[PDB]
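Structural overview
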Amino acid sequence: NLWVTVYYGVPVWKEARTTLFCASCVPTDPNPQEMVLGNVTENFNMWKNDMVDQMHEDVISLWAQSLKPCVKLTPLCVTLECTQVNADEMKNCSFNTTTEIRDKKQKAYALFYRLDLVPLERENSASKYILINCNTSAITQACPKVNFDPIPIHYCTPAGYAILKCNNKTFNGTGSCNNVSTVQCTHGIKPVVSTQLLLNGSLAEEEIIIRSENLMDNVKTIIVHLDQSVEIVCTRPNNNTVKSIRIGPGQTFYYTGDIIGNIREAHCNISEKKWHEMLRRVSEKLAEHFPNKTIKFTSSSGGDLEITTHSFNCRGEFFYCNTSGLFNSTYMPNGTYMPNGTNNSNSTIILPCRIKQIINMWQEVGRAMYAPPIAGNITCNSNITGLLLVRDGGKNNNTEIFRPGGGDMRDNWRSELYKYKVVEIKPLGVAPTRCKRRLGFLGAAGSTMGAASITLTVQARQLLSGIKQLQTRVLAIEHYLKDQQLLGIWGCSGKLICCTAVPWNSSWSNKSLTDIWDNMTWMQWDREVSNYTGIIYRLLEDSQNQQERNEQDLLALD
Amino acid sequence: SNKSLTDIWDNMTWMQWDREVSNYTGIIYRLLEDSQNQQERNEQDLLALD
Amino acid sequence: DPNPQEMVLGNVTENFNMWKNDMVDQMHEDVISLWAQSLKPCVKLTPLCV
Amino acid sequence: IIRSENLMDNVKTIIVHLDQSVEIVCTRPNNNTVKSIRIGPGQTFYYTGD
Amino acid sequence: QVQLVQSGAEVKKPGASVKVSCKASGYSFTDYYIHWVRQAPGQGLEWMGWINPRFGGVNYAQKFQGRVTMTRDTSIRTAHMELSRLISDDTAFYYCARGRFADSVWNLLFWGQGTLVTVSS
Amino acid sequence: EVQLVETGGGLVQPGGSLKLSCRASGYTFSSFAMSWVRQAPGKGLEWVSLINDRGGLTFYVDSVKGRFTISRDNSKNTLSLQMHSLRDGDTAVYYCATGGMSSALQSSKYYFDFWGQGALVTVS
Amino acid sequence: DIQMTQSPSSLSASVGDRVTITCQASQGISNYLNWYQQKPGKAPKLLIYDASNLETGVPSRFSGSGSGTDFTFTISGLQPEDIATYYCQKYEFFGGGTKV
Ligand SMILES: *[C@@H]1O[C@H](CO)[C@@H](O[C@@H]2O[C@H](CO)[C@@H](O[C@@H]3O[C@H](CO)[C@@H](O)[C@H](O)[C@@H]3O)[C@H](O)[C@H]2NC(C)=O)[C@H](O)[C@H]1NC(C)=O
Ligand SMILES: *[C@@H]1O[C@H](CO)[C@@H](O[C@@H]2O[C@H](CO)[C@@H](O)[C@H](O)[C@H]2NC(C)=O)[C@H](O)[C@H]1NC(C)=O
Ligand SMILES: *[C@@H]1O[C@H](CO)[C@@H](O[C@@H]2O[C@H](CO)[C@@H](O)[C@H](O)[C@H]2NC(C)=O)[C@H](O)[C@H]1NC(C)=O
Ligand SMILES: *[C@@H]1O[C@H](CO)[C@@H](O)[C@H](O)[C@H]1NC(C)=O
Ligand SMILES: *[C@@H]1O[C@H](CO)[C@@H](O)[C@H](O)[C@H]1NC(C)=O
Ligand SMILES: *[C@@H]1O[C@H](CO)[C@@H](O)[C@H](O)[C@H]1NC(C)=O
Ligand SMILES: *[C@@H]1O[C@H](CO)[C@@H](O)[C@H](O)[C@H]1NC(C)=O
Ligand SMILES: *[C@@H]1O[C@H](CO)[C@@H](O)[C@H](O)[C@H]1NC(C)=O
Ligand SMILES: *[C@@H]1O[C@H](CO)[C@@H](O)[C@H](O)[C@H]1NC(C)=O
Ligand SMILES: *[C@@H]1O[C@H](CO)[C@@H](O)[C@H](O)[C@H]1NC(C)=O
Ligand SMILES: *[C@@H]1O[C@H](CO)[C@@H](O)[C@H](O)[C@H]1NC(C)=O
Ligand SMILES: *[C@@H]1O[C@H](CO)[C@@H](O)[C@H](O)[C@H]1NC(C)=O
Ligand SMILES: *[C@@H]1O[C@H](CO)[C@@H](O)[C@H](O)[C@H]1NC(C)=O
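So, how was this worked out
- Residues numbered from 1 in each chain as written, not as in the entry; some residues may be left out.
- Chains lettered and ligands numbered in written order.
- Part of a larger assembly, values for the part shown.
- Heavy atoms only, no water.
- Contact = heavy atoms within 4.5 Å.
- Buried area = accessible area lost by both parts, 1.4 Å probe.
- Salt bridge = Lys/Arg side-chain N within 4 Å of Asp/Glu carboxyl O.
- Polar contact = N/O pair within 3.5 Å; in protein donor to acceptor, adjacent residues only side chain to side chain.
- Nonpolar A, V, L, I, M, F, W, Y, C, P; charged D, E, K, R; others polar.
- Helix = DSSP H or I, 4+ residues; strand = E, 2+ residues; numbered from the N terminus.
- Buried < 20%, exposed > 50% of the residue type's maximum accessible area, 1.4 Å probe, protein only.
- Disulfide = S-S within 2.5 Å.
- Near = heavy atom within 4 Å.
- Areas by Shrake-Rupley, 256 points an atom, 1.4 Å probe, with all protein chains shown as cover.
- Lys, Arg positive; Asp, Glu negative; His and termini not counted.
- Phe/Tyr/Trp six-rings, centres within 6.5 Å; stacked < 30°, edge-to-face > 60°.

In the PDB header, cryo-EM is given as the technique by which the entry was determined, and 3.20 Å as its resolution.

This is how it looks when you write it as C-alpha cells:
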C-alpha cells in the first residue's frame, strides 16, 4: 500500500570536512545571508572542529609565504664583539659583514638585546657573541612591506556544504545547541597571536563562559571567554634611531643604530580595578564548576619565554610581559576575594614587558625571524577578551591553582570558531508514499517532512553544479554527478519528486503516513532509515532494469 | 515582449531577442521552476489515485 | 590542428575595442612568464659583481 | 620464461624470469666509526672517521 | 622502535638536588607529552608531573611544586627533571613515560627504565 | 462539528448558467479534497465532480464533462461550482462534500466524510 | 582530587581461576580508565587503553568493562605468566594496586 518515492533536494546533512576558502582571497558579499533554522538542535564539538586545523594551516602558510621573498641574514651569523650600552638588556655589537660588491667587507655596529645573543665564550671589554640560533638555521629578516596588523579572515563554504552557526548565548562549545543558524561565511576573524591573554576577540553575549574539553584533567586548556573587555595599553618608550646597511645585491639589513634620550624599559598598563573585577567574576564562574574548592591564580610554573610571559605583537615589536602581578589571587567558597580593596582603587598594574628581535617563529625550529626595529617609540592599545588557563593536577587540599598557559595557537582560534560547524548536504533520500509508478538553504530543515517537500528547488540550486580550492570544486562536481547518476539508474532523471514501483517494506519503518509526513523532519527520518539505504537503492536499480527491458519488449510488439 | 510571432521568429535574430528579453529572465526562470514544482506535485497526486 | 575552421557569420555586426581586450593582458603575462621560465635554470652571475 | 621484444637482434634486453630464486648474501665486513662535522647553519656532513 | 633511555641510579644526601634525564629515540620529540612517574619502593605510583617539549610547558602536581623543575633539550631529544630539597621519603624509581597518541596522553604505553634515587645520611 | 454551508441555487431555463458556492468552517480547509454530489428528487445520489486539496486537479463525471467547472479558494475557505447549459437532467439537490482523494502523503480518503445541507437547483 | 579506590589489596588464585579486580573512582562522568600490569623490576605495561578497549601485544585473555565511577578488570583464567601487580589509573590518579 506504500511505495518508495525518491526525493532530491531534501534538507538533510551529514558531518564532513572540506577545504573552506578565505574571503577578505576573494571579495566578500554584502551580508552572510543567515537563515535561522527553527526547531533544529545540533551537536557541536569545539575541540574536534576542523575549521581550526584549516585556519592553523592557513596562518602558518600565509606567514611563511610573506618571508620567502625577503632578505635572509646569512652574512650576519658571524662573531660579534659586543660591549655594554653605556654611551644587560642591550649590547653594542661590532661586526665585519659582507657588502654589496662580492670582494669587499664592511664594519658595522648595531644595538641588539641580550635575549637575542648567545655567548661564544665566558661572559664578562668586549665579549664574543653570535645571533641566537644563527648556527642552527637561517634567520629571515621581515620585509618592510610585511603586514603585522591582523586582517579579518572570513571562511566561506564551497558548493555542497553549509556552516551551521550556534546562537545560544550561553553555549560553552561542546554539546547540543538549539537556535542553530545556517550561514554562507563566518564573521571577520582576526588572526591575533597572543599567549595567556586573548586579545581583540569577541565578547560573550551574556556572561563569562568557562569552556574546556574536560574540566577534570590537567592537560586540556581552559578558555575563559569574557563578557566585558579589560583594556591593556603597551608601550616601548625608547626613542630609537634606525640605521641600515646593505649585505648583498639589493639586501638591506635594518638595525637600531642609537637611542636618543635615556633608556627606559617597555611596559604595559592594566587598570587594577578592572582587572581584579574581571578575576573576581572569573573566580566566581570557576566556583560553579569546582564546588567547595579554593580557587587560586598564580604565575606560570615553567617553560620558555613564549609561554611564561604574555607574548604579543605590538606594531611589529614582540613584547613579553611578566604577568605575575596580575595572576596573584585567592578566592574561597565564602565569597570573599583575598586581594581586596581593589574595587575603589586608582592604581595601575605595570607589567615589565621585554623586547626580543630574533623570534623563533611558531615552533618550526628550522626557521627563525628578525623583526626590524622601528624608529621612534611605539604604543599599542588592545582589549583583553579572554584568558588561557591550565589547572594544576595531583593531590590537593581542595584548592585549585589555575596558572596561565598557551603556546599552542589552536586554542587561540578555538575561541572565535567555537560556534561554527561544517556539514555536507545529502540532497538525495527516500520516503514512503501512496504513489506508484505507472526561502533559503536548509530553511525547511526543522519543518515536517510534508512541508519540506515543497522547498526542493531551493536546496537543489544551491549545489552550484589553487589546488586546495580546485580539488573541492572537482569533488563537488563528482558528488553532484554521482547523485544524478543514481537518479538516472532509478529512472528518476530530470525529477525532484520521483515515484517508483518498489513497495515499502514494513521492516524499514512501520510508521504511518501521518506519523512521518506530518510529524517528523527529514533529519529524523534519515537517522531512522539509514541502515537500509543499501537495500532500497539496489531494489530501485533492479526495478528500473526490469522496467527498461519490459519497455523495449513492449516497443518491439508490432 | 508584445511582438507577434511573425515579428520574432521570422524577422529577429537570437542576439536581438536576448538584448530585448534580458531584464526579465529572473522572472521567467522563477515562473518555470514554480510551474514544474506544481506539475511534480500534481503528478504524484495523479499517480497515487487508484 | 590543420585549419582554424573559420565560419563567417553573415549579417552579424559586433562591437570591438582593441584598447580593452584581455587577450593582450594574457599574452603579456604569457610572454613575461615564458621568458622568466627559461632563465631560471641558468647561471647567475653573482661571482662577477666584483 | 625468456622474454624479449625481438630475440633476433642484439639491441633489445633479454629478461630471464626465473621460477626458483637463487639466494645472494652480501656484506661489508669493515667495522667503521662514523664521525661528522657541521658545514653550515644546521648542515651536518657525515663521513667515515676511522 | 620507540625507546626511552634514562640515566642510571644515583645516591644523594638530604638537602641535595638530583637531575634525571630521559633520552627519547624513535619518534618526533616536539609532538608528544612526557610524563615523569615516581614509583615508591612499595607504596604505589605517584604522577608528579608532565612536560610538553614543544614550548616546554610544565604542570607539576600541587604537592611537588617548588621542588620539581622540568626542562627539555631538543637538540639532543632529551628531557630533564630536577628534584631539589631531597628527603628520605623521596627514595623511589623515577620513570619516564609517554602516551600512545598526542590526542590522549594518559595511555602510558611507552616507558623507559627506572632510575633509582636513594636518599640517606 | 464542521460546517459546510452552500450559498446559491434557484431556477434556470435550459441553456443558462448558474454558480454554486460552499463555505467551510471548523477544520483546516487546505487539507481535504472536496467534491459535489447531486440528488435528483425521488432518486439516489450521483457524484458530479471532485477537486484536490490544492485545487490543481479536477475530475468530473462523464455526463458533465465540458460544462461544469469546479474551483476552490484556500484563502477564503470557499468551494465553488460553475455550471453551463444546465440541462433538464441536471435538476437536483447539490450537496457539498469533503472527501474523495488525498495528497499522496496522507492516508487514503476514498469516501465523503463531511456533507453540507444542500443547494436546490431547478431547471425548467 | 579524584581518589582511586582499588580492591582487593591481595588476591590469592591458582592457574586457571577467574581473577576479578575492581576500581572505584571518586568522580567519573567519562570512560577513561587504564590498567597497568607491573612485573617486579620492570616498568608497568599498559593492557586496557580506555575503559574497555584492549592494547596491541596483549593476549585476549585480558579484558574489562565499566562506566562512570565503577570499573571492572578480569582475567579469563590466570596463567603462570600473569603474576604481577595490577593498577588502575584515571588521568594523573593511580590506584593502590592489586597483587596477583
Ligand atoms: C588590537 O587592536 C588594536 C586596534 O585595532 C591594535 O592597535 C592598533 O594597531 C595598528 C597597527 O599597529 C595601529 O595603527 C598604526 O599606527 C601607526 C601610527 O599611527 C601607523 O604608522 C601605522 O601605519 C598604523 O596605522 C593603531 O594605531 C593601533 N591602535 C591603537 C588604539 O593603539 C592592536 O595592535 C591589536 N593588538 C594585537 C595584539 O594585535
Ligand atoms: C657603539 O659602539 C661604537 C663603536 O663600536 C660607537 O661608535 C663610536 O662612538 C664614538 C663616540 O665618541 C665615536 O667617536 C666613534 O667615531 C664611533 N665609531 C664608529 C665606528 O662609528 C657608538 O657610539 C656606540 N653606540 C652606543 C649607543 O653605545
Ligand atoms: C650554536 O652556538 C652556541 C654558542 O656557541 C652553542 O652553544 C654552546 O655549545 C657548546 C657546545 O660544546 C656548549 O659547551 C656551550 O655551553 C654552549 N653555550 C651556550 C651559551 O649555551 C650551540 O651549541 C651551537 N649550536 C649547535 C647546534 O652546536
Ligand atoms: C674585522 O676585521 C679586522 C681585520 O684586521 C679585525 O681586526 C677586527 O677585529 C674584525 N672585527 C670584529 C668586530 O671582529
Ligand atoms: C542554551 O543551552 C542551555 C543548556 O543548558 C539551555 O539551558 C539554554 O536554555 C539555552 N539557551 C537558549 C537561549 O536556547
Ligand atoms: C558544556 O555544555 C554541555 C551541554 O551539554 C555539557 O554537557 C558539558 O558538560 C559542558 N562542559 C563544560 C566544560 O562546561
Ligand atoms: C536565535 O538566533 C537569532 C539570531 O538572529 C536571534 O534573533 C533569536 O532571538 C535567537 N532565538 C533564541 C530563542 O535565542
Ligand atoms: C603607565 O602608568 C605609569 C604610571 O607611572 C605611567 O608613567 C606610564 O606612562 C603609563 N603607561 C602607559 C602606556 O599609559
Ligand atoms: C617576573 O618577575 C618576578 C619578580 O620576582 C620573577 O621572579 C619572575 O621569574 C618573572 N617572570 C618571568 C616570566 O620572567
Ligand atoms: C627622537 O629624537 C629626535 C631627535 O631629538 C626627535 O626629532 C624625535 O622626535 C624623537 N622621537 C620621539 C618619539 O621622542
Ligand atoms: C575595545 O572595546 C571597546 C568596546 O566598546 C571599543 O570601543 C574599543 O575601541 C576597543 N579597543 C580596541 C583597542 O580595539
Ligand atoms: C517550529 O515549531 C513551532 C512549534 O509551535 C511551529 O509553530 C513553527 O512553525 C516551527 N517552525 C518551523 C520553521 O518549522
Ligand atoms: C662467504 O664465504 C666465505 C668463505 O670463506 C666466508 O668467510 C664469508 O664469511 C661468507 N660471507 C657471507 C656474507 O656469508
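Another point: the interface of chain D and chain A. Across the boundary between the two partners, chain D contributes four residues, which contact four residues of chain A. Note on chain D versus chain A: buried area summed over both sides is about 240 Å², and carbon and sulfur give 44% of it. When the buried area of chain D at its contact with chain A is split by residue, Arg-38, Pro-41 and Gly-42 of chain D rank highest and sum to 99% of it. Counting across the interface, chain D meets chain A through zero salt bridges. Between the two partners, chain D and chain A, sit one residue pair in polar contact. Its residues assigned to classes, the side of chain D that touches chain A shows one nonpolar, two polar and one charged.

Here we take up the pattern of salt bridges. For the structure shown, the criterion picks out 41 salt bridges over all chains. Between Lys-293 of chain A and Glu-400 of chain A there is a salt bridge, and its shortest N-O distance comes to 3.9 Å. A residue pair is termed long-range when its members are at least 10 positions apart, and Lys-293 of chain A in the loop between helix 2 (272–285) and strand 21 (294–297) and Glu-400 of chain A in strand 30 (residues 399–404) qualify at 107 residues. The class of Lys-293 of chain A is buried, set by a relative accessible area of 16%. Residues joined by salt bridges that share partners form a network here, namely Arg-38, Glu-46, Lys-63, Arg-67 and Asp-90 of chain E.

All names here are of chain A. Here the structure, examined in full by the defined rule, presents 14 disulfides over all chains. Residue pairing for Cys-22: its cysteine sulfur links by disulfide to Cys-25, the two sulfurs lying 2.0 Å apart. One disulfide, between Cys-22 and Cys-25, carries an S-S torsion of -110° and so falls in the left-handed class. We classify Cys-22 as buried; its relative accessible area is 18%. Across the disulfide from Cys-314 sits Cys-380; the S-S distance is 2.0 Å.

A few words now on the site of ligand 10. All names here are of chain A. Inspection of the region around ligand 10 gives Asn-239, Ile-260, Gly-376 and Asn-377 as its neighbouring residues. Residue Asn-239 places a side-chain N or O atom 2.4 Å away from an oxygen atom belonging to ligand 10. Out of a free accessible area of 360 Å², ligand 10 has 35% covered by protein chains. Its residues assigned to classes, the shell around ligand 10 comprises one nonpolar, three polar and no charged.

This next bit is on the site of ligand 1. Residue and element names in this part refer to chain A. With respect to spatial proximity, the complete set of residues near ligand 1 consists of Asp-149, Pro-150, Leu-199, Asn-200, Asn-313, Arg-315, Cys-380, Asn-381 and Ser-382. Note that an oxygen atom of ligand 1 is positioned 2.3 Å from one of the side-chain N or O atoms of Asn-200. About the coverage of ligand 1: the protein hides 49% of its 770 Å² of free accessible area. If one sorts the elements of the shell around ligand 1 by residue count, strand 29 (residues 376–391) sits on top with three residues. Its residues assigned to classes, the shell around ligand 1 shows three nonpolar, four polar and two charged.

Moving on, we get to the side chain of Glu-416 of chain A. Residues and elements named next belong to chain A. The topology assignment puts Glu-416 in the loop between strand 30 and strand 31 (421–425). Here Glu-416 occupies a buried position and makes no salt bridge, while the nearest side chain of opposite charge, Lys-190, is found at 7.4 Å. Discounting residues that sit within four places of it in the chain, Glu-416 has contacts with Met-55, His-187, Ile-189 and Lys-190.

A word on the interface of chain A and chain E. Each partner contributes to the interface: chain A provides 25 residues, whereas chain E provides 18 residues. Taking both partners together, chain A and chain E bury about 1700 Å²; carbon and sulfur atoms supply 48% of that area. Linking chain A with chain E are one salt bridge. Between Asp-304 of chain A and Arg-72 of chain E there is a salt bridge whose closest N-O contact spans 2.7 Å. The set of elements that each furnish at least two residues to the side of chain A that touches chain E consists of helix 3 (305–308), strand 29 and strand 30 of chain A. At four residues, strand 30 of chain A tops the list of elements feeding residues into the side of chain A that touches chain E.

Moving on: the arrangement of the chains. Looking across the eight pairs of chains in contact, one finds the most contacts between chains A and E. When C-alpha atoms are compared, chain C and chain F, though not in contact, are closest at a spacing of 46 Å.

This next bit is on the packing of aromatic side chains. On inspection of all chains with the given rule, the structure shows 36 aromatic pairs over all chains. Ring geometry for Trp-275 of chain A against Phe-327 of chain A: centres 5.5 Å apart, planes inclined by 85°, an arrangement best described as edge-to-face. Here the residue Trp-275 of chain A occupies a position in helix 2, and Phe-327 of chain A occupies one in the loop between strand 23 (317–321) and strand 24 (329–331), the gap between them amounting to 52 residues. Here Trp-275 of chain A falls in the buried class, since its relative accessible area comes to 0%. Summarising the aromatic geometry, the rings of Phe-73 of chain G and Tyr-86 of chain G are spaced 5.3 Å apart at their centres and angled 35° between planes, so their arrangement reads as tilted.

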